[PDB]
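The structure appears below as structure tokens.
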DNA sequence: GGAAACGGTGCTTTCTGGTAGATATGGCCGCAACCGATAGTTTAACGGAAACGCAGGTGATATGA
């Protein structure tokens, strides 16, 4: 009922009311992905990117099946210097589907920045 | 009323040999240090156990499909 009312308010562009209703559920469960599927949109549009990335990452630990999205979670985590989290997100991208080859390259930049090259080398051989 | 002549031996002196510490040089023995190597975390990421959810052996109530 709360999730329907919050998503209805989101469709009405009543984003603060939508947030207040999603917060009634998030207060009971901080990992409630069913709220973040649209509350994350509110947080991204309002520039709350620090809270937005965490809303994706902590809930997606459980809700990992939207696998293409882990690339976006990894990218934003790296832009915010949450580098462990960025590598952990790219791991799920590659573990769920290796064919997202640009993700191997992007992850290899994190490896280049910190000297973690032994993980990049076999990956670049596969890319080549 | 005393000083000058010089015999007594007490007290002292170098020539030396003794006592015996000292060390330039020497040869063992083993401490100070380095590059070396074995063992250490904890996690990439997915191989594993324990943890996890739906079936099938009956029955069969409704009224729609």
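In PDB author numbering, the protein residues as written are 130 to 257.
By construction, the Cβ of each residue, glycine as well, lies at the ideal position given by its N, Cα and C atoms.
Query	Result
Under the three-state DSSP convention, the category residue 245 falls into	coil
Beta-carbon proximity list for residue 188, same chain, < 6 Å, skipping 5 on both sides	160, 162 and 165
Backbone CA spacing between residue 175 and residue 153 [nearest angstrom]	20 Å
Cβ shell of residue 256 (< 8 Å), same chain only, five flanking positions each side left out	230, 233 and 234
Under 8 Å between C-beta atoms of residue 193 and residue 149	no
Beta-carbon contacts of residue 253 that lie in its chain and below 8 Å, excluding the five residues immediately before and after	233 and 237
Pairwise C-alpha distance: residue 134 and residue 158	18 Å
Assigned exposure category for residue 224 - 16 Cβ within 10 Å defines buried	exposed
Alpha-carbon to alpha-carbon, residue 151 and residue 246	42 Å
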